[PDB]
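Okay, so here's just one chain, in C-alpha cells, the form solved without this ligand.
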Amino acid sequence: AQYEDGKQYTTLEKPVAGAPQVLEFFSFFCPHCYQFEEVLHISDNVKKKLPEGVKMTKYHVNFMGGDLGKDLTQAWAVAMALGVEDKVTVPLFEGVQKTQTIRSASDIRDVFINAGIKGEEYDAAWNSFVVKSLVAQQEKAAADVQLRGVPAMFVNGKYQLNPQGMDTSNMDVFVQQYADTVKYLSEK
C-alpha cells in the first residue's frame, strides 16, 4: 500500500551497476533465513507478485560457518548449475541446522546423491569453470553492496528491503507487505 524510504526499505548511496532485478542473499547457517524459506516462504510469495519479465536471483554468502560456509557457497553454485535448487535447499538447511548431518564438504555431496544426482556429475560440476565463475559472481555481488548480514534483499541494485520497518504483528500480513514492497520497488 504506502511506502516510505528509510522505513520498509532503504536506498543505496552507491547503486550497484548490473545488479540482478531482484537479488536475495542467504546462508545455510543463518537461522532466520531457514525461517524465511521453510515457514514463511518469502521468496515464493515475492515471486507470485513480481511483474512480467522480473526474475529473482538467490546467492549464498561466505561469512557464516567459518570454512564450511565457503564450501556451501560452492555447493550452492553447483545447485544452480545443475538446476536442482528446489531439490536441495531444505535438505541443506536441515542438514546444517536441524539434523546436524553436515559437518564437512563430503556431507554436502551426500545430500545431492540422495536427491538423485550421480556422484560423477556432482564432482565434475564442482570442479567446473561454470561453478568457479558462479562462486566469484556470488562473492562479488556481496562485495558490491557491502553486505554485512543475511537475510537480505535488493531491488535493481538500488533499494534494500527493511523488514525491520514492516508490520510483523501478523505474519500473513507481513509476508504480503514484504512481497508488495518488492513489487513496488521493482516498478520504480
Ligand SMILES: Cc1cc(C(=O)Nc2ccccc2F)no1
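All residue numbers are counted from 1 along the displayed sequence.
Another form exists, deposited with this ligand bound; not displayed. Remarks below refer to it.
This ligand in the deposited complex is not approached by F112, whose heavy atoms all lie more than 4.5 angstroms from it. Using a 4.5 angstroms limit between non-hydrogen atoms, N45 is distant from this ligand in the deposited complex.
Under a 4.5 angstroms non-hydrogen atom cutoff, this ligand in the deposited complex lacks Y159 among its neighbouring residues.
Taking the partner from elsewhere, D180 is found to have every heavy atom lying beyond 4.5 Å of this ligand in the deposited complex.
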